[PDB]
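**Student:** After the structure tokens below, expect a handful of questions from me.
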Amino acid sequence: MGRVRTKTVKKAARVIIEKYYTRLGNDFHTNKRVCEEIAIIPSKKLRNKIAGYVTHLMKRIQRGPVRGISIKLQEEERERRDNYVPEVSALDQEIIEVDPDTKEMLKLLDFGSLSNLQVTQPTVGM
Amino acid sequence: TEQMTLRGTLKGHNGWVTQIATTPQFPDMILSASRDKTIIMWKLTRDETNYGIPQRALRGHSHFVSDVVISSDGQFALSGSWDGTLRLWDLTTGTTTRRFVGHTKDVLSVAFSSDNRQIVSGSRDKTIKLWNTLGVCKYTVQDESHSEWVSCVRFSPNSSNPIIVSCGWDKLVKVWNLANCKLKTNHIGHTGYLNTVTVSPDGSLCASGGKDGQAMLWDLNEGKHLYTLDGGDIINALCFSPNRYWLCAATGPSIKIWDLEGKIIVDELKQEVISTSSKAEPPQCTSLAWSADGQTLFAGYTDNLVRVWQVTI
RNA sequence: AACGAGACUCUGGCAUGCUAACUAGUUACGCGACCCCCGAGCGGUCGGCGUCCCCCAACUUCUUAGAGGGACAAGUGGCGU
Ligand SMILES: [Mg+2]
Ligand SMILES: [Mg+2]
């Protein structure tokens, strides 16, 4: 059978997408002409294979981002999430509270307010 | 209340439907260019069990047919296909009367004069071309033209001093004096390539859309930019109204029709809603055409179908 | 990163779209002619057979051979981290 594309086709398609991301659509007969005009493919069969892998990649970039092509539109949605967001707030409630042998530890470095306690069953798995 | 209703559907094609054109002379015949290299002229039998039958298939083209337009008398058609050639047909038999050779790449658009005296064609050569009606090259816009694909060209309907307008893949709307064939003014904006362009029947506005998804209204007299409508997904074809102040827009799977008075959407023509079990759920919308009666619009899709939508009260 | 595989070259399949052809043809009738009624009819006019003869007829469907086009797992449904 075959129909397994080669690295020469996949790398070409990845570069074509990573540079001309906004000229490429979802149909094959237009991506063919786009790649024909932006690059120099010295064959027609290679042109069709590259333009056919470009379409299969485009159908995926509309979903979650692939891990070999980096574009501008899909980087902002990372960048603007790596900066803080109102889903997060501060430490969620600033009345966080501890158990004994920590208050016994905190006493040895002069702490004195806003805590709680509990004592467990006396050993693991009971 | 004015509403739209799905009257019927026309069948007979094999690929995408790319253009639909109606003439005000014969209200019972439609032209439909498709990607199966043929152009179907329909027998519009107004019944409701079906709605139309193909009457005759204008054949003879070596690739996709990108544009078609009917003459003013209804006896001729002009066509432009993806082999660079234009064809002048005879709506009575077929028998292409004249082929307009001369281009190096596919022919995207085609338009006919008000008196059917000049012809204009835009292609992927970044070349606008004017032709005599006998099949010879009148004039070529080689430079000061778009730097990319000239996606669409149109004539203004005005007898008052004449405009032609062209949109391209260089995100620009350029306007020309038809006598001189030089630039009149530019129009900047539209982040992304341009799919279509159109002129209102009063010859005063140009509604341009494209990849951006926003339809912009430009003024042909003031030389300014009136306003913008975010069309949502993407714009394939924009068409004005014959007897109303609307603007029909072909979005991806839907058709958005605005009342321009208060710039408000009237309707969202969505087809049936089967749970398409993966991927892009709907067949997208390519072209649309308003009937000279202003009562029904025809829409050509990407799934080989042509649907009708009637204005109901 | 390099070679080999693949890509590559020739070939077979498709174009009533282009280019253009008495050292290839088709159709038409100009024809003209032979033959038979084999049809209405008369046998003539209309037809039927012709690798019989002509056209400075119109054309490229069949023939030739160049340029481009066209297929990409592209479309749709399943199975796939
Ligand atoms: Mg390695
Ligand atoms: Mg699949």
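Letters for chains follow the order of the structure tokens (A, B, ...), residue numbers begin at 1 for each chain, and ligand numbers begin at 1 in the order shown.
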Kindly compile the residues surrounding ligand 1 within 12 Å, counting only C-alpha atoms (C1' of nucleotides) and all ligand atoms, and format them as a VMD selection string.
**Tutor:** (chain A and resid 7) or (chain C and resid 1 to 2)
**Student:** Would you mind exporting the chosen residues as a PDB file, in the first residue's frame, restricted to C-alpha atoms (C1' of nucleotides)?
**Tutor:**
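Generated file (result-v2.pdb):
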ATOM      1  CA  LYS A   7      10.162  13.517   5.958  1.00  0.00           C
TER       2      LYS A   7
ATOM      3  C1'   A C   1      24.336  15.068   8.925  1.00  0.00           C
ATOM      4  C1'   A C   2      25.527  11.874   4.546  1.00  0.00           C
TER       5        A C   2
END
**Student:** Based on DSSP run over this structure's backbone, return all residues of chain A in alpha helix (DSSP H), as an MDAnalysis selection string.
**Tutor:** chainID A and resid 7:19 28:38 45:61 73:82 103:107
**Student:** Which residues of chain B sit at most 12 Å from ligand 2, using only C-alpha atoms and all ligand atoms? Give each one's shortest atom pair and distance in Å (one decimal place), in chain and ascending residue order, as JSON lines.
**Tutor:**
{"residue": "B:277", "atom": "CA", "partner": "ligand 2", "partner_atom_place_in_ligand_line": "1 (Mg)", "distance": 11.5}
{"residue": "B:278", "atom": "CA", "partner": "ligand 2", "partner_atom_place_in_ligand_line": "1 (Mg)", "distance": 9.4}
{"residue": "B:279", "atom": "CA", "partner": "ligand 2", "partner_atom_place_in_ligand_line": "1 (Mg)", "distance": 9.7}
**Student:** I need the residue nearest chain C from this list: B:96, B:159, B:50, B:200. Use only C-alpha atoms (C1' of nucleotides) for the distance.
**Tutor:**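 The shortest atom-to-atom distance to chain C comes from B:96.
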**Student:** Near region 40-54 of chain A, within 12 Å and counting only C-alpha atoms (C1' of nucleotides), which residues show up once chain neighbours fewer than 3 positions away are dropped, as a ChimeraX atom specification?
**Tutor:** /A:3-18,20-21,23-37,57-61,69 /C:6-8,69-74
**Student:** Measuring between only C-alpha atoms, which one of B:307, B:182, B:35, B:138 shows the shortest distance to chain A?
**Tutor:**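 So, comparing all the options, the nearest one is B:35.
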